[PDB]
Structures are given as C-alpha cells and as structure tokens.
Amino acid sequence: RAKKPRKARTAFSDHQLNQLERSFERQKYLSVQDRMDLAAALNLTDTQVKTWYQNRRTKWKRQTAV
DNA sequence: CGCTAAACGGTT
DNA sequence: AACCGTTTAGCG
C-alpha cells in the first residue's frame with residue numbers, strides 16, 4: 001500500500017461518459033474554459049475532466065497507431 | 001484480464 | 001499549468 005493517500009477511483013455515470021465522448025469527438029484538446037465548463041455541466045471536478053481527456057488522448061493515440 | 005482512473009517523473 | 005509518456009492500480 002502506497003504511503004501517500006491516493007484518490008478514490010471515480011466511477012463515471014453513463015451520461016457522463018456519453019458527454020465526455022461527444023466532447024472528445026468534437027475537440028481533442030479543450031481550452032481551460034471549455035474544460036471547466038464541461039466539468040460543471042457533468043457535476044465532475046475540473047481535474048476529473050482534465051484526467052479523463054488526458055487518458056482519452058492516450059487511448060486515441062494507441063488506436064491511431066493501428 | 002482488460003479497460004481505464006490516478007500516479008510518477010519528465011517535457012512543453 | 002497543462003501536457004506527455006509511461007506506469008500503477010481499482011474493479012467488474
């Protein structure tokens with residue numbers, strides 16, 4: 001067990017995942033404002049959205065490479 | 001296991 | 001500060 005507390009793993013709802021994915025198809029990168037807006041719309045934290053987008057870009061790149 | 005959320009150390 | 005590349009880990 002890590003010495004430093006980690007954050008609990010967020011479980012996204014179906015609506016949140018749908019909306020995150022619709023954002024991603026439109027824009028692969030968000031401005032600060034568009035990110036902080038999407039977080040508010042989905043009742044997520046700014047960092048949860050930032051992280052989701054970052055990890056989603058990793059997945060996107062993996063799949064561009066096949 | 002596999003998908004992926006969060007963590008690490010480095011990079012822009 | 002946001003990102004990258006990659007790792008590490010939660011959990012269905």
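Reminder, nothing fancy here: chain letters follow the sequence lines and each chain counts from 1. As a basis for the values below, the full set of heavy atoms in this structure was taken, side chains included, without hydrogen atoms, waters or symmetry mates.
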Before giving the answer on side chain to side chain contact (heavy atoms under 4.5 Å, CB included), spell out for A/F12 and A/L44 the whole-Å C-alpha distance, their side-chain angles and the decisive distance to 0.1 Å. CA-CA 9 Å; A/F12 295 114; A/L44 294 170; 3.8 Å; yes
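Take A/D34 and apply the side-chain contact (heavy atoms from CB on, under 4.5 Å) test, not counting sequence neighbours, and it matches A/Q27, A/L30, A/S31. Remark: A/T45 engages A/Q48 in a side-chain hydrogen bond (donor to acceptor under 3.5 Å, both in side chains) (not counting sequence neighbours). With sequence neighbours left out, the side-chain hydrogen bond (donor to acceptor under 3.5 Å, both in side chains) criterion links A/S13 to A/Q16. With sequence neighbours excluded, the residues forming a side-chain contact (heavy atoms from CB on, under 4.5 Å) with A/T64 are A/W60, listed by chain and number.
Contacts between residues 55-66 of chain A and DNA chain C, counted as heavy-atom distances below 4.0 Å, involve A/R57, A/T58, A/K61. Near DNA chain B, meaning a heavy atom under 4.0 Å from it, residues 12-50 of chain A has A/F12 in order of number.
Within the structure, salt bridge (charged side-chain N to carboxylate O under 4.0 Å, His left out) contacts touching residues 35-50 of chain A (residues at least two apart or in different chains) are A/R35-A/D46. Counting only residues at least two apart or in different chains, salt bridge (charged side-chain N to carboxylate O under 4.0 Å, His left out) contacts with residues 5-18 of chain A are absent.
For DNA chain B, the span of nucleotides reached by chain A at under 4.0 Å from its heavy atoms goes, 5' to 3', from B/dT4 to B/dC8. The nucleotide range of DNA chain C contacted by chain A, defined by atoms under 4.0 angstrom from heavy atoms of the protein and reported 5' to 3', is C/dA2 to C/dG10.
Across all strands shown, A/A8 has heavy atoms under 4.0 Å from sugar-phosphate atoms exclusively, and none from any base. Residue A/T10 is classed as a sugar-phosphate contact, given heavy-atom separations below 4.0 Å to backbone atoms only.
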Residues 18-26 of chain A side chain polar contacts: donor-acceptor under 3.5 Å, at least two apart:
unit_1 : atom_1 : unit_2 : atom_2 : d
A/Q19  : OE1    : A/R22  : NH1    : 2.9
A/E21  : OE1    : A/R56  : NE     : 2.8
A/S23  : OG     : A/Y53  : OH     : 2.7

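Considering OG1 of A/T47 and CH2 of A/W52, their distance stands at 15.5 Å, rounded to 0.5 Å.
Nearest-nucleotide mapping onto DNA chain C: of A/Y53 and A/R1, the residue sitting toward the 5' end is A/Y53.
Clustering of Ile, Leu, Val, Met, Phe, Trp and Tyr by side-chain heavy atoms under 4.5 Å joins A/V32 with A/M36.
Under the 4.5 Å side-chain contact rule for hydrophobic residues, A/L38 and A/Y29 do not share a cluster.
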